[PDB]
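Below: one structure, written as structure tokens.
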């Protein structure tokens with residue numbers, strides 16, 4: 003038996019171990035009971051005491067009832083270890099030093115089962131199929147505006163575990179023509195289409211995945227309007243608990259430290275400042291076991307020697323009204339395991355001022 | 003059985019799978035009938051509905067009659083999969099997000115046959131030879147001008163599947179001496195020559211390939227005139243459906259954003275602008291499965307770290323009348339799977355003005 007897959011934030015697959023990428027800390031146990039235990043595991047995290055002196059021991063006490071016994075991963079020394087004589091989720095840990103906060107992790111989890119065999123630590127005894135039902139509560143709404151040019155809209159979703167549904171509904175705010183919608187694959191191949199009804203005030207699109215990875219894109223074509231997106235929402239008729247779209251939103255910040263000079267006759271000026279770009283990416287994460295550290299640092303031209311191997315897109319800016327060269331003396335990007343990256347820069351640039359009025 | 007080869011745009015080789023380079027999406031099926039089905043497959047693409055809600059299901063319905071059953075590739079999870087108990091072309095898909103448009107693909111397709119064997123998914127049961135006839139309709143005309151110096155002309159064709167012919171005919175517009183013509187290999191070795199007739203107003207050249215790849219070059223020597231080039235054109239006597247020569251035509255564009263200064267006494271000036279170079283190359287293509295993405299981006303000096311491994315020629319410009327250095331602050335090239343590449347640049351340069359007249 004050798005089965006591998008991804009585990010979402012705070013999800014438990016019901017059925018040793020090894021994380022194939024991310025920050026996953028495995029937690030494997032076999033229990034005969036079918037009573038939903040992920041509620042308590044989230045509840046174990048939820049009522050995080052103001053003093054974590056309960057937190058170190060609560061995982062030992064509560065997990066006794068959950069499975070055949072409390073079973074921590076072990077970290078680098080052991081990815082996971084389970085044994086017994088007859089919900090593979092992410093154990094609640096902390097990953098930072100400045101402030102103490104617990105949460106669950108994610109990644110790509112490999113599961114290895116050896117039945118009555120010391121070899122691990124023919125017949126398919128594993129039965130990777132589980133058919134377990136895990137109803138969700140994901141629902142979202144967006145206020146989407148049409149444009150004079152390029153009147154098509156696209157978005158993104160999260161990776162879907164098999165069996166998930168996707169209800170799509172768009173209802174215009176008022177007196178706005180129905181636009182075209184289409185669900186395709188992130189590569190570009192199409193998977194489903196929306197069939198409207200006689201009422202005409204809404205559109206319907208349905209699809210259910212059956213593959214190991216389901217990355218979905220919603221096309222809205224008009225070449226303002228309201229669009230609803232849900233996950234596992236039967237009776238969606240009549241802002242959920244969590245978000246249901248990915249993130250590429252970049253936060254910015256600039257500051258001015260000096261004004262080197264002003265040149266009236268040539269209409270330009272120079273400043274010495276600093277720049278801050280920061281965003282979120284589920285990729286480029288890392289467990290604290292690969293380095294033994296909590297933040298990773300890159301500088302100068304080694305930054306160009308990182309992402310190309312990983313092939314993940316980075317933002318690239320440009321001073322629009324700059325004349326000549328920009329002397330930047332420091333560049334640094336700090337990465338935190340969950341994915342947050344902050345990019346700083348210190349520069350000295352000459353810009354153009356075209357609103358000089360000498361009247 | 004293990005046979006590999008290239009598949010052109012909208013071509014079907016009559017006889018699992020794997021693409022060895024390009025954007026090929028395999029589509030393999032075995033049918034006893036010999037009635038030409040590629041017409042319908044092109045017709046399936048042709049009448050692309052304004053709403054593709056028919057497109058998702060049309061491939062399922064129509065392909066039922068075509069072969070032993072509709073058989074999609076599966077993408078990354080499966081290159082292709084065929085099974086049965088007793089026209090390997092490119093399935094019509096889409097590969098972009100900004101606008102929805104269907105077409106066929108191309109590449110290098112590997113075909114693997116396992117007869118009554120689960121191993122795939124001695125005796126040559128495959129019979130790669132097919133001897134099938136696929137008449138074409140390729141015909142072209144060019145208006146070629148002679149030069150005071152370097153009065154020889156060369157061109158290029160497309161890769162030819164075996165058995166193709168190549169009729170060549172050149173007839174001068176009027177009162178122009180007959181020039182020399184010669185068909186060689188892209189490496190440089192010669193393959194065929196043109197023998198003229200008593201009339202003298204035209205030349206004739208014929209060649210038929212028998213190799214797995216046929217890359218041909220037409221030499222026209224004169225060290226204006228009309229030259230005709232065709233493919234599979236018996237009775238070519240008395241601008242076809244498609245082109246029959248390759249492309250290296252570069253589109254350009256420049257814009258001016260600022261005029262930094264003017265120096266009357268030294269006769270020069272400076273500008274801050276932007277540049278756009280874009281062209282077509284059947285190489286450097288890629289399937290949307292290698293990355294899961296639709297456009298690839300490179301910047302700065304990593305661009306010099308791409309093509310050399312692939313060994314494909316790139317244009318290189320130069321500001322002819324520039325004095326000193328050119329401070330370019332951004333360089334970026336975007337690549338689309340079919341081959342289109344667009345190169346942008348933002349620069350600040352000092353140029354020379356030699357037509358100053360102070361009279």
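Protein chains in written order, with the working numbering: chain R, 3 to 361; chain Y, 3 to 361.
Note that the Cβ used here is the ideal one computed from N, Cα and C, for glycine as well.
Helix, strand or coil, according to DSSP, for residue 62 of chain R in the structure here? helix
How would you write the range of the beta strand (DSSP E) that residue 354 of chain R sits in, first residue to last? 343-354 is the span of the beta strand (DSSP E), which, as asked, contains residue 354 of chain R.
Return no unless some Cβ of chain Y is closer than 8 Å to the Cβ of residue 219 of chain R. yes
So residue 222 of chain Y packs on residue 305 of chain Y, CB below 8 Å; how close in whole Å? Incorrect: roughly 35 Å between the Cβ atoms, too far for contact.
What do you reckon, are the CB atoms on residue 331 of chain R and residue 352 of chain R nearer than 8 Å? no
Taking the C-alpha atoms as reference points, what is the distance between residue 138 of chain R and residue 233 of chain R? Between residue 138 of chain R and residue 233 of chain R, the alpha-carbon positions lie close to 7 Å from each other.
Please list the terminal residues of the continuous beta strand (DSSP E) segment that includes residue 146 of chain R. It spans 140-146 - the beta strand (DSSP E) in which residue 146 of chain R sits, taken as one unbroken run.
For residue 78 of chain R, which option in R/339, R/291, R/315 has the closest C-alpha, if you only look at C-alpha atoms? Nearest of R/339, R/291, R/315 to residue 78 of chain R, Cα basis: R/291.
Given a limit of 8 Å on CB to CB distance, which residues of the segment 300-334 of chain R reach chain A? Going by chain labels, chain A is absent from the structure shown, which instead holds the protein chains R and Y.
Ordered along the chain, which non-local residues of its own chain (more than five positions away) have a Cβ less than 8 Å from that of residue 200 of chain Y? Cβ neighbours of residue 200 of chain Y within its own chain (closer than 8 Å, five residues either side excluded): none.
When you compare only the Cα positions, how much space is there between residue 14 of chain R and residue 101 of chain R? Taking the straight line joining both Cα atoms gives about 27 Å.
According to the Cβ coordinates, are residue 26 of chain R and residue 73 of chain R closer than 8 Å? no
For the segment 170-196 of chain R, which residues have a beta carbon sitting closer than 9 Å to at least one beta carbon of chain Y? Listed by position along the chain: 182, 184, 186, 187, 188, 189, 190, 191, 192, 193, 194, 195, 196.
Buried or exposed: which applies to residue 118 of chain Y, given that a residue is buried once 16 or more other Cβ atoms fall within 10 Å of its Cβ? exposed
Could you give the first and the last residue of the continuous beta strand (DSSP E) run that contains residue 264 of chain R? 256-265
Report all residues from its chain with a CB closer than 7 Å to the CB of residue 242 of chain R; omit the five preceding and five following residues, and keep chain order. 139, 140, 141, 142
With 16 as the cutoff for other CB atoms within 10 Å, does residue 158 of chain R come out buried or exposed? exposed
Compute the distance between the beta-carbons of residue 279 of chain R and residue 345 of chain R, then report whether it is under 8 Å. yes
Alpha carbon to alpha carbon, how far is residue 264 of chain R from residue 109 of chain Y? Spanning the two alpha carbons is a distance of roughly 58 Å.
On the CB-based measure, 16 or more other CB atoms within 10 Å of its CB, does residue 192 of chain R come out buried or exposed? The C-beta of residue 192 of chain R has 16 or more other C-beta atoms within 10 Å across all chains shown, which makes the residue buried.
Hey, residue 8 of chain R and residue 47 of chain R: beta-carbon distance below 8 Å or not? no
Looking only at DSSP bridge pairs, what is residue 278 of chain R linked to? Answer is R/346, bridged to residue 278 of chain R.
What in chain R is Cβ-close to residue 342 of chain Y, meaning under 8 Å? Those within 8 Å of residue 342 of chain Y in chain R number zero; the least Cβ separation is about 15 Å.
Can you give me the Cβ contacts of residue 169 of chain Y inside the same chain, cut-off strictly under 7 Å, excluding the 5 residues immediately before and after it? Closer than 7 Å at Cβ, skipping near neighbours: 208, 232, 235, 238.
What in chain Y is Cβ-close to residue 156 of chain R, meaning under 7 Å? 99
Classify residue 213 of chain R as buried or exposed, calling it buried when 16 or more other Cβ atoms lie within 10 Å of its own Cβ. Looking at its Cβ environment, which holds fewer than 16 other Cβ atoms inside 10 Å, residue 213 of chain R is exposed.
Please compile the residues from chain R whose C-beta is within a distance smaller than 8 Å of the C-beta of residue 357 of chain Y. In chain order: nothing, as chain R lies at least about 24 Å away.
Can you look up residue 184 of chain R in the DSSP assignment and give me helix, strand or coil? strand
CB contact flag (residue 211 of chain R, residue 133 of chain R, <8 Å): No; because the gap between Cβ atoms is not below 8 Å, this pair is not in contact.
Measure the beta-carbon distance from residue 90 of chain Y to residue 17 of chain Y and round it to whole angstroms, keeping in mind my assumption that it falls under 8 Å. 6 Å
Are residue 204 of chain R and residue 177 of chain R close, meaning C-beta to C-beta below 8 Å? no
Should residue 175 of chain Y be labelled buried (16 or more other beta-carbon atoms within 10 Å of its own) or exposed? It counts as exposed.
Output, in sequence order along the chain, the residues in the segment 265-277 of chain Y whose CB is closer than 9 Å to any CB in chain R. 272, 274
Bounding residues of the alpha helix (DSSP H) (the contiguous stretch that carries residue 115 of chain Y): According to the DSSP assignment, residue 115 of chain Y belongs to no alpha helix (DSSP H), since it is labelled neither H nor E.
Any beta carbon of chain Y sitting closer than 8 Å to that of residue 45 of chain R? no
Give a yes or no on whether the C-beta atoms belonging to residue 226 of chain Y and residue 148 of chain Y are separated by under 8 Å. Yes. Within cutoff.
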